[PDB]
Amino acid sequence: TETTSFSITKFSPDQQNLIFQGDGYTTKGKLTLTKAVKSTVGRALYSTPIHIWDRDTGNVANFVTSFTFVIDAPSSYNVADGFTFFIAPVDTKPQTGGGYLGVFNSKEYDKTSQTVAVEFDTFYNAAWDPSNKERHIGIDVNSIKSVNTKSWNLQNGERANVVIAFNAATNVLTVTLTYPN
């Protein structure tokens, strides 16, 4: 058995248990991935490596993460590119920016990526985003083109609570996003 838990209800300016990449930084009790500025990227990783599966026994971990986030854009017609929660190898570095969200480099299945991401995509990229052009929540496996998406209406400046759970008995990854209003 091996378990791991953590809870941060407020970020320190010197948050030693996190790894920052791109523009990520902590400010005012909050974690800022990007400020409202053009063409930039920011990532923040929890520094402990997590034991996800055991080659030896074939066991896979059960896990759940909860977080509160905010997207603050100039207007509902001027917003891009999005935000993700992702699982990747221990030495992960930012990948392509823009519509690739700093996590993937192609819409084609890249088995070397070894990354799973839950995206909250606010900008429609014709090459791989759902046809309906709506903003959406998507589950990404080794590629920027989602294996499953759900339309989502961005509430600008509002706080969303998200819960992401993985049931190992089942292999099912569940994502719930909630707004107060």
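Each residue number is its position in the shown sequence, starting from 1.
Enquirer: In the PDB record, does 31-39 or 110-118 carry the higher mean Cα temperature factor?
Expert: Higher mean C-alpha B-factor: 31-39.
Enquirer: Determine, for stretches 151-159 and 41-49, which one has the higher mean CA B-factor as deposited.
Expert: In the deposited entry, the stretch with the higher C-alpha B-factor mean is 151-159.
Enquirer: Out of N171, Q21, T9, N17, which residue has the highest Cα temperature factor in the PDB record?
Expert: Most elevated C-alpha B-factor of the set, per the entry: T9.
Enquirer: Taking the values straight from the PDB record, which of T57, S146, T26, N125 has the highest C-alpha temperature factor?
Expert: So the option with the highest C-alpha B-factor is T57.
Enquirer: So where's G98 on the chain's Cα temperature factor ranking, which third?
Expert: It belongs to the middle third of the chain when residues are ordered by C-alpha B-factor.
Enquirer: Which third, lowest, middle or highest, does the CA B-factor of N105 fall in along this chain?
Expert: For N105, whose C-alpha B-factor we compare with every modelled residue in the chain, the answer is the lowest third.
Enquirer: Among the chain's modelled residues, which third holds the C-alpha B-factor of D129?
Expert: It falls in the middle third of the chain.
Enquirer: When the deposited Cα B-factors of this chain's modelled residues are ordered and cut into thirds, is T3 in the lowest, the middle or the highest one?
Expert: Tercile = lowest for this residue's CA B-factor.
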